[PDB]
10 protein chains.
Amino acid sequence: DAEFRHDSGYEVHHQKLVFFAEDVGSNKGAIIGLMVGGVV
Amino acid sequence: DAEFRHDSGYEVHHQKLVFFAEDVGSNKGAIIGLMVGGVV
Amino acid sequence: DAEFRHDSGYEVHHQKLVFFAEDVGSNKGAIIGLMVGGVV
Amino acid sequence: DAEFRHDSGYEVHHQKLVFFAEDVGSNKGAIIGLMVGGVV
Amino acid sequence: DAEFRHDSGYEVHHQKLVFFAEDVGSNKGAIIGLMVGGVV
Amino acid sequence: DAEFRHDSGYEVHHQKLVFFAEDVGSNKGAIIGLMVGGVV
Amino acid sequence: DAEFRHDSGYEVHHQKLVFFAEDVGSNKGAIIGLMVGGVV
Amino acid sequence: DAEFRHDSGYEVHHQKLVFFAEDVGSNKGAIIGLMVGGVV
Amino acid sequence: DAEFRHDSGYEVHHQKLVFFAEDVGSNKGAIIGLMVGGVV
Amino acid sequence: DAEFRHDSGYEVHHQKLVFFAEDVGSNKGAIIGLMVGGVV
């Protein structure tokens, strides 16, 4: 007369989570505050 | 008459989590505060 | 009449977690505060 | 009539955690406070 | 009538943790406070 | 019979140039690549 | 019979130039690549 | 019969140049590659 | 009959140049590659 | 009949140049490659 109970508040089987962040808040290109040339 | 109970608040089986962060807050390119040339 | 109870608040089986951080807060490129040339 | 109880608040089996940090807060490129040339 | 109890607050089996830090806070590239040339 | 010539290719008198750069390419606030919480 | 010539290709008198750059390419506020919470 | 010639390719009188760079490419705030909490 | 010639390719009188760089490429705030807490 | 010639390729009178670099490439704040706590 087995109970054979399984009682898990959370059960997870076979879960793959990938979190990928690429290039957040980053500079791959020029940031210049001022360019000044040719000033007489 | 076995209970055969399994009672786990959390059960995790076979979980892969990948957290990848690439290039957060980083410079791969030029940041210049000022460029000044040719000033007479 | 075995209980055969398993009672674990957390059970983890076969979990792989990869945390990868690459290039956080880093410079691979030029940062210059000032460039000044040609000033007369 | 065995209890066969397993009672572990935390059970971990077969867990691999990799934490990788590469290049946090680091310079592989030029940081110059000032470049000044050609000043007369 | 064996209890066969296992009662461990923490049980860990087969856990590999790798913590890798490479190049935190480090310079592999030039940091110059000032470059000044050609000043007359 | 004085020539009284003044012959200057460039003449500058009384010139003030201010170049100000503030906060180019800079972080005064949080940059986070990932925030992850509450994952079961 | 004075020439009293003044012959300057450029003459500048009393010139003030202000170049101000504030907050170019900069973060004063949060940039987050991902926020993830409550994932079961 | 004086020439009284002044012949200067560049003449500068009374010139003040201020170049100010503040906070180029710099962090005054948090950069985090990953924040991960509460992972079961 | 004096020539009274002045012949200077560059003449500079009374010139003040200030180059100021503050906080180029620098951290006054936290950079963290990973923060991980609460992982079961 | 004096020539009274002055012939200087460069003449500089009364020039003050200040180059100031503060905090180039420097850490006044925490850089941490990893923080890991609470891992079971």
# chains A, B, ... in the order shown; residues from 1 in each chain; ligands from 1
>>> calpha_fit_and_write(fixed="chain C", moving="chain I", output="JSON list (two decimals) with N, CA and C atoms, in the first residue's frame")
[["chain", "number", "residue", "atom", "x", "y", "z"],
["I", 1, "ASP", "N", 8.07, -2.67, 6.07],
["I", 1, "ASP", "CA", 7.25, -1.44, 6.05],
["I", 1, "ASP", "C", 8.13, -0.19, 6.02],
["I", 2, "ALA", "N", 9.12, -0.13, 5.13],
["I", 2, "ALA", "CA", 10.08, 0.99, 5.19],
["I", 2, "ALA", "C", 9.54, 2.38, 4.91],
["I", 3, "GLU", "N", 9.96, 3.37, 5.68],
["I", 3, "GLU", "CA", 9.60, 4.76, 5.38],
["I", 3, "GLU", "C", 10.21, 5.17, 4.03],
["I", 4, "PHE", "N", 11.45, 4.76, 3.77],
["I", 4, "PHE", "CA", 12.16, 5.19, 2.55],
["I", 4, "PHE", "C", 12.01, 6.71, 2.34],
["I", 5, "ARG", "N", 11.94, 7.48, 3.42],
["I", 5, "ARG", "CA", 11.85, 8.93, 3.28],
["I", 5, "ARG", "C", 13.11, 9.60, 2.78],
["I", 6, "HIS", "N", 13.02, 10.58, 1.89],
["I", 6, "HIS", "CA", 14.17, 11.40, 1.55],
["I", 6, "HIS", "C", 13.59, 12.75, 1.91],
["I", 7, "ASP", "N", 14.24, 13.53, 2.75],
["I", 7, "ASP", "CA", 13.71, 14.84, 3.18],
["I", 7, "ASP", "C", 14.72, 15.98, 3.11],
["I", 8, "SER", "N", 15.09, 16.50, 1.94],
["I", 8, "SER", "CA", 16.17, 17.50, 1.90],
["I", 8, "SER", "C", 15.64, 18.85, 1.55],
["I", 9, "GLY", "N", 15.95, 19.88, 2.34],
["I", 9, "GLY", "CA", 15.36, 21.17, 2.07],
["I", 9, "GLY", "C", 15.83, 21.58, 0.72],
["I", 10, "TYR", "N", 17.10, 21.36, 0.40],
["I", 10, "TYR", "CA", 17.59, 21.61, -0.96],
["I", 10, "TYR", "C", 18.21, 20.34, -1.49],
["I", 11, "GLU", "N", 17.87, 19.89, -2.67],
["I", 11, "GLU", "CA", 18.57, 18.78, -3.27],
["I", 11, "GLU", "C", 19.08, 19.31, -4.56],
["I", 12, "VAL", "N", 20.35, 19.17, -4.88],
["I", 12, "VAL", "CA", 20.86, 19.54, -6.20],
["I", 12, "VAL", "C", 21.55, 18.33, -6.78],
["I", 13, "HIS", "N", 21.25, 17.95, -8.01],
["I", 13, "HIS", "CA", 21.97, 16.88, -8.67],
["I", 13, "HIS", "C", 22.50, 17.38, -9.99],
["I", 14, "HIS", "N", 23.75, 17.11, -10.33],
["I", 14, "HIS", "CA", 24.25, 17.45, -11.69],
["I", 14, "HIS", "C", 24.14, 18.91, -12.19],
["I", 15, "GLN", "N", 24.47, 19.88, -11.36],
["I", 15, "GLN", "CA", 24.33, 21.28, -11.72],
["I", 15, "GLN", "C", 25.63, 21.88, -12.12],
["I", 16, "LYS", "N", 25.71, 22.50, -13.30],
["I", 16, "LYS", "CA", 26.92, 23.20, -13.72],
["I", 16, "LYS", "C", 26.55, 24.65, -13.80],
["I", 17, "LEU", "N", 27.28, 25.53, -13.14],
["I", 17, "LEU", "CA", 27.05, 26.96, -13.25],
["I", 17, "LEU", "C", 28.32, 27.52, -13.77],
["I", 18, "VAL", "N", 28.30, 28.32, -14.81],
["I", 18, "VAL", "CA", 29.50, 28.98, -15.29],
["I", 18, "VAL", "C", 29.21, 30.43, -15.13],
["I", 19, "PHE", "N", 30.09, 31.19, -14.50],
["I", 19, "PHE", "CA", 29.92, 32.62, -14.46],
["I", 19, "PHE", "C", 31.15, 33.01, -15.21],
["I", 20, "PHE", "N", 31.03, 33.80, -16.27],
["I", 20, "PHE", "CA", 32.18, 34.29, -16.99],
["I", 20, "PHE", "C", 32.09, 35.78, -17.03],
["I", 21, "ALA", "N", 33.12, 36.52, -16.66],
["I", 21, "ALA", "CA", 33.13, 37.95, -16.87],
["I", 21, "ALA", "C", 34.35, 38.18, -17.70],
["I", 22, "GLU", "N", 34.24, 38.89, -18.81],
["I", 22, "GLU", "CA", 35.40, 39.25, -19.60],
["I", 22, "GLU", "C", 35.42, 40.75, -19.78],
["I", 23, "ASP", "N", 36.56, 41.39, -19.57],
["I", 23, "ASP", "CA", 36.69, 42.82, -19.86],
["I", 23, "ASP", "C", 35.75, 43.76, -19.16],
["I", 24, "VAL", "N", 35.41, 43.53, -17.90],
["I", 24, "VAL", "CA", 34.63, 44.51, -17.17],
["I", 24, "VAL", "C", 35.51, 45.71, -16.86],
["I", 25, "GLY", "N", 35.06, 46.94, -17.05],
["I", 25, "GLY", "CA", 35.79, 48.11, -16.56],
["I", 25, "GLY", "C", 37.20, 48.18, -17.03],
["I", 26, "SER", "N", 37.51, 47.85, -18.26],
["I", 26, "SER", "CA", 38.89, 47.71, -18.68],
["I", 26, "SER", "C", 39.21, 48.45, -19.94],
["I", 27, "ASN", "N", 40.45, 48.87, -20.12],
["I", 27, "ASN", "CA", 40.78, 49.50, -21.36],
["I", 27, "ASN", "C", 41.67, 48.68, -22.27],
["I", 28, "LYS", "N", 41.22, 48.31, -23.47],
["I", 28, "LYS", "CA", 42.07, 47.69, -24.50],
["I", 28, "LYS", "C", 42.40, 48.69, -25.59],
["I", 29, "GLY", "N", 42.00, 49.94, -25.44],
["I", 29, "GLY", "CA", 42.11, 50.96, -26.48],
["I", 29, "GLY", "C", 42.60, 52.23, -25.86],
["I", 30, "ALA", "N", 42.95, 53.25, -26.60],
["I", 30, "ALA", "CA", 43.55, 54.43, -25.99],
["I", 30, "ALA", "C", 42.63, 55.32, -25.20],
["I", 31, "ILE", "N", 42.98, 55.75, -24.00],
["I", 31, "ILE", "CA", 42.19, 56.80, -23.34],
["I", 31, "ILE", "C", 43.23, 57.90, -23.26],
["I", 32, "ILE", "N", 42.99, 59.10, -23.78],
["I", 32, "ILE", "CA", 43.93, 60.22, -23.60],
["I", 32, "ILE", "C", 43.21, 61.39, -22.99],
["I", 33, "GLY", "N", 43.65, 61.97, -21.89],
["I", 33, "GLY", "CA", 42.99, 63.18, -21.44],
["I", 33, "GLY", "C", 43.09, 64.39, -22.34],
["I", 34, "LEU", "N", 44.27, 64.66, -22.89],
["I", 34, "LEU", "CA", 44.41, 65.74, -23.87],
["I", 34, "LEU", "C", 45.38, 65.36, -24.92],
["I", 35, "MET", "N", 45.20, 65.80, -26.15],
["I", 35, "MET", "CA", 46.23, 65.67, -27.15],
["I", 35, "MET", "C", 46.32, 67.12, -27.52],
["I", 36, "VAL", "N", 47.49, 67.72, -27.59],
["I", 36, "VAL", "CA", 47.57, 69.10, -28.06],
["I", 36, "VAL", "C", 48.79, 69.16, -28.94],
["I", 37, "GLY", "N", 48.68, 69.64, -30.15],
["I", 37, "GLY", "CA", 49.84, 69.78, -31.01],
["I", 37, "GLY", "C", 49.83, 71.09, -31.72],
["I", 38, "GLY", "N", 50.93, 71.49, -32.33],
["I", 38, "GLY", "CA", 50.90, 72.69, -33.15],
["I", 38, "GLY", "C", 50.42, 73.97, -32.51],
["I", 39, "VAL", "N", 50.81, 74.26, -31.28],
["I", 39, "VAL", "CA", 50.29, 75.43, -30.61],
["I", 39, "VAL", "C", 51.39, 76.44, -30.62],
["I", 40, "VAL", "N", 51.12, 77.64, -31.12],
["I", 40, "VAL", "CA", 52.14, 78.67, -31.26],
["I", 40, "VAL", "C", 51.75, 79.85, -30.40]]
>>> select_by_dssp(residues="chain A", states="strand (DSSP E)", output="VMD selection string")
chain A and resid 10 to 13 16 to 22 31 to 32 35 to 36
>>> decode(residues="segment 6-34 of chain I", atoms="N, CA, C and O atoms", output="CSV table (one decimal), in the first residue's frame")
chain,number,residue,atom,x,y,z
I,6,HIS,N,63.6,93.9,-36.2
I,6,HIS,CA,63.4,92.8,-35.3
I,6,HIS,C,62.9,91.8,-36.3
I,6,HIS,O,62.0,92.0,-37.0
I,7,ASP,N,63.5,90.6,-36.3
I,7,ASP,CA,63.2,89.6,-37.3
I,7,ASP,C,63.0,88.2,-36.7
I,7,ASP,O,63.9,87.4,-37.0
I,8,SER,N,62.0,87.9,-35.9
I,8,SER,CA,61.9,86.6,-35.3
I,8,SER,C,60.9,85.7,-35.9
I,8,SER,O,59.8,86.1,-36.0
I,9,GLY,N,61.3,84.5,-36.2
I,9,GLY,CA,60.3,83.6,-36.9
I,9,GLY,C,59.2,83.4,-35.9
I,9,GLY,O,58.0,83.5,-36.4
I,10,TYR,N,59.5,83.2,-34.7
I,10,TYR,CA,58.4,83.1,-33.7
I,10,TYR,C,58.7,84.1,-32.6
I,10,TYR,O,59.8,84.2,-32.1
I,11,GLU,N,57.8,84.9,-32.2
I,11,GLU,CA,58.0,85.8,-31.0
I,11,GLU,C,56.9,85.4,-30.1
I,11,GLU,O,55.8,85.4,-30.5
I,12,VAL,N,57.2,85.1,-28.8
I,12,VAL,CA,56.1,84.9,-27.9
I,12,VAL,C,56.4,85.9,-26.7
I,12,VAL,O,57.5,85.9,-26.2
I,13,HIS,N,55.4,86.6,-26.3
I,13,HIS,CA,55.5,87.5,-25.1
I,13,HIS,C,54.4,87.1,-24.1
I,13,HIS,O,53.3,87.0,-24.5
I,14,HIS,N,54.7,87.0,-22.8
I,14,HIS,CA,53.6,86.8,-21.8
I,14,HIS,C,52.6,85.7,-22.0
I,14,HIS,O,51.4,85.9,-21.9
I,15,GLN,N,53.0,84.5,-22.4
I,15,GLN,CA,52.1,83.4,-22.7
I,15,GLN,C,52.0,82.5,-21.5
I,15,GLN,O,53.0,82.0,-21.1
I,16,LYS,N,50.8,82.2,-21.0
I,16,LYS,CA,50.6,81.2,-20.0
I,16,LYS,C,49.8,80.1,-20.6
I,16,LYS,O,48.7,80.3,-21.1
I,17,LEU,N,50.2,78.8,-20.5
I,17,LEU,CA,49.5,77.7,-21.0
I,17,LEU,C,49.3,76.8,-19.8
I,17,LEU,O,50.3,76.6,-19.1
I,18,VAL,N,48.1,76.4,-19.5
I,18,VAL,CA,47.9,75.5,-18.4
I,18,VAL,C,47.3,74.3,-19.1
I,18,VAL,O,46.4,74.4,-19.9
I,19,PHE,N,47.8,73.1,-18.9
I,19,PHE,CA,47.2,71.9,-19.4
I,19,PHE,C,46.9,71.2,-18.1
I,19,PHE,O,47.8,71.1,-17.2
I,20,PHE,N,45.7,70.8,-17.8
I,20,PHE,CA,45.3,70.1,-16.6
I,20,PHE,C,44.6,68.9,-17.0
I,20,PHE,O,43.8,68.9,-17.9
I,21,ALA,N,45.0,67.7,-16.5
I,21,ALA,CA,44.3,66.5,-16.8
I,21,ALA,C,43.9,66.0,-15.4
I,21,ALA,O,44.8,65.9,-14.6
I,22,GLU,N,42.7,65.7,-15.1
I,22,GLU,CA,42.3,65.1,-13.8
I,22,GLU,C,41.5,63.8,-14.1
I,22,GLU,O,40.7,63.8,-15.0
I,23,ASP,N,41.9,62.8,-13.4
I,23,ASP,CA,41.1,61.5,-13.5
I,23,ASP,C,41.0,60.9,-14.9
I,23,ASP,O,39.9,60.5,-15.2
I,24,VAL,N,42.0,60.9,-15.7
I,24,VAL,CA,41.9,60.2,-16.9
I,24,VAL,C,42.0,58.7,-16.6
I,24,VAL,O,42.8,58.3,-15.9
I,25,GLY,N,41.2,57.8,-17.2
I,25,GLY,CA,41.4,56.4,-17.1
I,25,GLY,C,41.5,55.9,-15.7
I,25,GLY,O,42.2,54.9,-15.5
I,26,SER,N,40.7,56.4,-14.8
I,26,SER,CA,40.9,56.0,-13.4
I,26,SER,C,39.7,55.6,-12.7
I,26,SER,O,38.6,55.9,-13.1
I,27,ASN,N,39.8,54.8,-11.7
I,27,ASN,CA,38.7,54.4,-10.9
I,27,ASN,C,38.6,55.0,-9.6
I,27,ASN,O,39.4,54.7,-8.7
I,28,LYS,N,37.5,55.8,-9.2
I,28,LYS,CA,37.2,56.3,-7.9
I,28,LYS,C,36.1,55.5,-7.3
I,28,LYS,O,35.6,55.9,-6.2
I,29,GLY,N,35.5,54.5,-8.0
I,29,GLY,CA,34.3,53.8,-7.7
I,29,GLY,C,34.5,52.4,-7.9
I,29,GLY,O,35.4,52.0,-8.4
I,30,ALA,N,33.6,51.5,-7.5
I,30,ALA,CA,33.8,50.1,-7.5
I,30,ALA,C,33.8,49.5,-8.9
I,30,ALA,O,32.9,49.8,-9.6
I,31,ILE,N,34.7,48.6,-9.3
I,31,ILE,CA,34.6,47.9,-10.5
I,31,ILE,C,34.6,46.5,-10.0
I,31,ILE,O,35.5,46.1,-9.3
I,32,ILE,N,33.6,45.6,-10.2
I,32,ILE,CA,33.6,44.2,-9.8
I,32,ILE,C,33.4,43.3,-11.0
I,32,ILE,O,32.4,43.5,-11.6
I,33,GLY,N,34.2,42.4,-11.3
I,33,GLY,CA,33.9,41.5,-12.3
I,33,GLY,C,32.7,40.6,-12.1
I,33,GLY,O,31.8,40.4,-13.0
I,34,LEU,N,32.5,40.0,-10.9
I,34,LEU,CA,31.3,39.2,-10.6
I,34,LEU,C,30.9,39.5,-9.2
I,34,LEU,O,31.8,39.6,-8.3
